[PDB]
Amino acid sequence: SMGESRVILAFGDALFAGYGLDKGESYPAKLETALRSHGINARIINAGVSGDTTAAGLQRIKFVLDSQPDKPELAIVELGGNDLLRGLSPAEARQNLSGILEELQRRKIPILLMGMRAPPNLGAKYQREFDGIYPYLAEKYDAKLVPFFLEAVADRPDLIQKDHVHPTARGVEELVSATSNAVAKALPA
């Protein structure tokens, strides 16, 4: 092909940063290769930061855009998972993401929003509220939405890293049954 690469900003959290993966295995790195098959030579700016909340993304979006030598031609926004993991207000996550999209829209940078979904642990009220923020934002900011970014791995535990292992309430009971003897023995009589 002739010409310089198309510049895409991948603005996100651990899922963009490539947490737990080797060089070149991250989603942005593999997406850059895959777009060659669409006839596109892209340079994808990896602005993934592991553990970023929507508030942390809002805090840095201007800095990240002002740091670019070449203005992004598309910004892919993937945040809210860490808000979920901290049980933070869905309303505040919506407000934070709105601030990020407003800054992109001010600069006339097209937006692709990666939809996040809440697991059942947070309960149905929280899950419905959180899940609804992404279509709301996509409509409000005229953004393209991928409704469920992690849909392709949702039923594929073989495609998910083993990392954090937080027991359920029943799992805690299991651990107590296994370890109470050792605790009772360790405590002086």
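Numbering starts at 1 and follows the sequence shown.
**Q** Would you mind comparing 52 to 60 and 155 to 163 for me and telling me which has the higher average C-alpha temperature factor in the entry?
**A** That would be 155 to 163.
**Q** Going by the B-factors listed in the PDB entry, is the mean over the C-alpha atoms higher for 127 to 135 or for 38 to 46?
**A** So the stretch with the higher mean C-alpha B-factor is 38 to 46.
**Q** Which is it among 97, 114, 75, 85: the one with the largest CA B-factor in the entry?
**A** Comparing C-alpha B-factors across 97, 114, 75, 85, the top value belongs to 85.
**Q** Split into thirds by Cα B-factor across the chain's modelled residues, where does residue 120 land: lowest, middle or highest?
**A** It falls in the top third of the chain.
**Q** Could you tell me which third, lowest, middle or highest, the C-alpha B-factor of residue 2 occupies within its chain?
**A** Tercile = highest for this residue's CA B-factor.
**Q** Using the temperature factors of the C-alpha atoms in this entry, rank residue 8 within its chain: lowest, middle or highest third.
**A** It falls in the bottom third of the chain.
**Q** Within this chain, which third does the Cα B-factor at residue 141 fall in: lowest, middle or highest?
**A** Highest third - that is where residue 141 ends up once the chain's C-alpha B-factors are sorted.
**Q** Can you tell me whether residue 17 has a C-alpha B-factor in the lowest, middle or highest third compared with the other modelled residues of the same chain?
**A** Within its chain, residue 17 is a middle-third residue by C-alpha B-factor, going by the deposited values.
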